[PDB]
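Scroll down for the structure; my scribbles are underneath it.
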Amino acid sequence: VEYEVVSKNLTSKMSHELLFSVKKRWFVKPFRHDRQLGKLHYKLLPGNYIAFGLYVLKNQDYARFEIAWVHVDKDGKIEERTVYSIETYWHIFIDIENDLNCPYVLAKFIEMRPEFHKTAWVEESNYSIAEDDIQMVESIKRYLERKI
Ligand SMILES: [Mg+2]
Numbered sequence: 007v008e009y010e011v012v013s014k015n016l017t018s019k020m021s022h023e024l025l026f027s028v029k030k031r032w033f034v035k036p037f038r039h040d041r042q043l044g045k046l047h048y049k050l051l052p053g054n055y056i057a058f059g060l061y062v063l064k065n066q067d068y069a070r071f072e073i074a075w076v077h078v079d080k081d082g083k084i085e086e087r088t089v090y091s092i093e094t095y096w097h098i099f100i101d102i103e104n105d106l107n108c109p110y111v112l113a114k115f116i117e118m119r120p121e122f123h124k125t126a127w128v129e130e131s132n133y134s135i136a137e138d139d140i141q142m143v144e145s146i147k148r149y150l151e152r153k154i
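Residue numbering for the sequence shown follows the entry's author numbering, beginning at 7 and increasing consecutively.
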């Protein structure tokens with residue numbers, strides 16, 4: 007199964023979506039990264055993945071952050087759900103990058119946001135976090151709650 011997520015930076019707004027490998031425990035290698043529509047493409051062994059989404063209306067100093075759970079079965083059948091959604095000031099997410107005491111995956115995801123008018127690029131990372139998906143997703147929430 008190849009699944010589609012949006013990844014675009016426009017003068018008005020950005021929308022930064024990234025899948026995550028519960029299995030490899032670090033972001034998923036996209037084969038194609040379309041700059042022509044604002045899209046990423048994915049090759050993924052059927053199983054469990056976390057969609058990290060970041061939407062930002064800059065003229066509103068606005069940013070909505072969401073974590074969804076992507077469950078796709080051995081028949082290729084997709085089903086999603088959001089597990090988490092926070093809304094907040096965009097300027098706050100920027101500072102979270104520099105925040106040292108801030109969940110690495112979160113603090114790195116913010117870092118992978120797309121260059122102006124282009125598509126965020128997932129890198130070959132052979133580093134793996136300590137926590138399993140649940141512990142992680144939690145501390146990513148534990149933090150944001152406090153950081154707002
Ligand atoms: Mg299942």
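In this text, a Cβ means the ideal position worked out from N, Cα and C, and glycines have one as well.
Residue of the options minimising C-alpha distance to residue i
| i | options | result |
| --- | --- | --- |
| residue 90 | 100, 96 and 76 | 76 |
| residue 48 | 23, 70, 65 and 66 | 23 |
| residue 115 | 13, 53 and 58 | 58 |
| residue 84 | 102, 54 and 117 | 54 |
| residue 40 | 142, 128, 154 and 124 | 124 |
| residue 138 | 17, 26, 15 and 18 | 26 |
| residue 45 | 130, 16 and 103 | 16 |
Within 9 Å, strictly: CB atoms of residue i and residue j
| i | j | result |
| --- | --- | --- |
| residue 99 | residue 63 | no |
| residue 50 | residue 11 | no |
| residue 28 | residue 56 | yes |
| residue 128 | residue 118 | yes |
| residue 32 | residue 154 | no |
| residue 108 | residue 149 | yes |
| residue 52 | residue 78 | yes |
| residue 71 | residue 93 | yes |
Cβ separation of residue i and residue j, assumed to be a contact under 8 Å, to the nearest whole Å
| i | j | result |
| --- | --- | --- |
| residue 111 | residue 146 | 7 Å |
| residue 13 | residue 120 | 6 Å |
Residues that DSSP places opposite residue i in a beta bridge
| i | result |
| --- | --- |
| residue 5 | Examination of residue 5 is not possible in this model, given that the chain is present from 7 through 154 alone. |
| residue 56 | 26 and 75 |
| residue 47 | 10 |
| residue 19 | 63 |
| residue 68 | 63 and 95 |
| residue 86 | 76 |
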